[PDB]
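A single chain comes next, written as structure tokens; it is the form deposited in one PDB entry.
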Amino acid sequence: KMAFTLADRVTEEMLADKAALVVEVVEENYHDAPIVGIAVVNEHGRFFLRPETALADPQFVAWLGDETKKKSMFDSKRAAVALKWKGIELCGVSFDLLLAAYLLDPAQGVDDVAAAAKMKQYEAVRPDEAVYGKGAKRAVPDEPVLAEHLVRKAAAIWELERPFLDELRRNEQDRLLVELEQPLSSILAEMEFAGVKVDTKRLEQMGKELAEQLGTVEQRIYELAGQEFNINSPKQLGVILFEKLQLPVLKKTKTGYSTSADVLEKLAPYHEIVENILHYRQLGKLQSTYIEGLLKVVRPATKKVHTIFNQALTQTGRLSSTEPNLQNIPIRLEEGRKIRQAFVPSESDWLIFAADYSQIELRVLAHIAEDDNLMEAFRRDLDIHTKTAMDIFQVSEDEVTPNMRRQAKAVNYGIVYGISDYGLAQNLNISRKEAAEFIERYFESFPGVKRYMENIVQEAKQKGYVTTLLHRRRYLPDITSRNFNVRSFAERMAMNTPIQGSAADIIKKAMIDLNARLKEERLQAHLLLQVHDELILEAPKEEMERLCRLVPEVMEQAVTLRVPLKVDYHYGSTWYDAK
């Protein structure tokens, strides 16, 4: 039972200085997507408005963009961006129920108002899926049904705001919401709407040459195999490798023989075909995903791609990036790295500027573990991979070979990911006895880290959750499971999540701080992407000088740890060249 006005014009009482607001975009990808309905709940009542009416109404547009008129919403970034595409500015968002629910427990996977309302036993609203349907059945219902749904969602936000704020404050997470996640949401909205320009002529030429190369590699594979087969089918491949060519079976999964890259690499002393197959599968992912998949999402008139940064998805506090994912563009092998030449500035005589934190997760470990040996290495700015190599090989710095440093590098990050002697041995393709010694030597050399790893797991068991620098939480109900596998996975999460999550906290704050400084100085430079521990901007070439000092400073000073933060930076004519 919920009364509301299905309005056909906007009225003054709909424009109160505090309201719950629903601006409904039903398509998952909200870029240039239709706004299907609006609802407003406030001191005076409950209202549904037709977009065609309200978004052409100067009074309502004015209210939307009035920062002193405060709106509570769910997924305000979706609304903000969909309104940008309609040429309308949204300001004054003071509470976002999606972000509030996300901070309280990311494991719930809240992605609609009803799922958030369930956290407080509020059931006077339906799930979106129930109203719109699934898949090919998805559709906007008749107006009265749509209107009641939107109003119920607004009414839920109105009543849930204080309960959610109260619990966040209780959890030491209220400032995390209002001073970090909510401001970051507006910045992400800017980045998404701006998009990144693509050189489609270059990308298409790369595609044509790549198709040629693919065919050649493919034919060479069939010649080595003695037969044609679908190389992209691990099942057919497994038959060729492990039945026809009788290569050793190093690993199986529940579906059959493994053909993972790690396995195929280890089979190179038995047959040369496995190196060719690895190459083929690399080339084929470049073609399918970074040529074809990317061209499919380029907006043809502007040649821009517009990612969506999911801010309320990951369990650690990171962002993710979808349709397209611009956080996994190739860089590690030169063949793929060239894809980055197709990402260019949106204006003439602008440049790409890219800044990355150096070893942020190891510095966070050093801080949280309060390990003096690790802290001192960073204080002196010694190479942390070379230092570990000295300890695990038990040699002097001069005796550390590049391959020893490489193995020490694997130990350094592997510790942060909970690696075992088995995993390390497989990773480095070395003796498991030697891998085990590397790890023992590591923990003997960094006792503060050993103690931290022990202590954090105990804390998780005692409290039921672990926390980051800025009070983000992750609950770990499995941490006391009697089952070894389930428990071990949760213990590794206890070790890793505070580290990855704290690093997330830092760069998020850096983005807020950097943006403030950009606007203060009236620079034209602006953010395009975040890639976990790096920030990518574009700017007129004239501003590089300033950015070279401003960006690293702001990023290094975002938070103060017990070790210093270090940021590297580069710029150039394309993303590729910003190296």
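Residue numbers here begin at 1 and follow the sequence given. Take the two forms, superpose them, and find the largest set of C-alpha atoms that agree within 1.5 Å; that set is the rigid core.
Compared with other deposited structures of the same protein, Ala389 meets the criterion of being unmodelled in at least one third of those that resolve residues on both sides. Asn403 is a gap in at least a third of the other entries compared, counting only those with both neighbours built. Between 559-567 and 21-29, it is 559-567 that carries the larger average Cα temperature factor according to the deposited entry. Mean CA temperature factor is higher for 119-127 when stretches 119-127 and 492-500 are set side by side in the entry.
Based on the entry's C-alpha B-factors, the most elevated value among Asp105, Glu209, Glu440, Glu181 belongs to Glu440. In the PDB entry, the Cα temperature factor peaks, among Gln407, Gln327, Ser94, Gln219, at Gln407. Ranked by Cα temperature factor within the chain, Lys244 sits in the lowest third according to the deposited record. For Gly238, the recorded CA temperature factor ranks within the lowest third of the chain's modelled residues.
When the modelled residues of the chain are ordered by C-alpha B-factor, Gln426 sits in the middle third.
Ranked by Cα temperature factor within the chain, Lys509 sits in the middle third according to the deposited record. In the deposited entry, the Cα temperature factor of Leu529 places it in the lowest third of its chain's modelled residues.
Below, we turn to the form deposited in another entry, even though it does not appear here.
When two forms of a protein are overlaid on their rigid core, residues whose CA moves 2 Å or more are considered shifted, and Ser348 is not one of them between the shown form and the other one. The rigid-core alignment places the CA of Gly87 less than 2 Å apart between the shown form and the other one.
Relative to what is shown, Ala425 and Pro402 are farther apart in the other entry; their C-alpha atoms differ in spacing by at least 3 Å. In the other entry, the CA atoms of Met375 and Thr388 move apart by 3 angstroms or more relative to this form.
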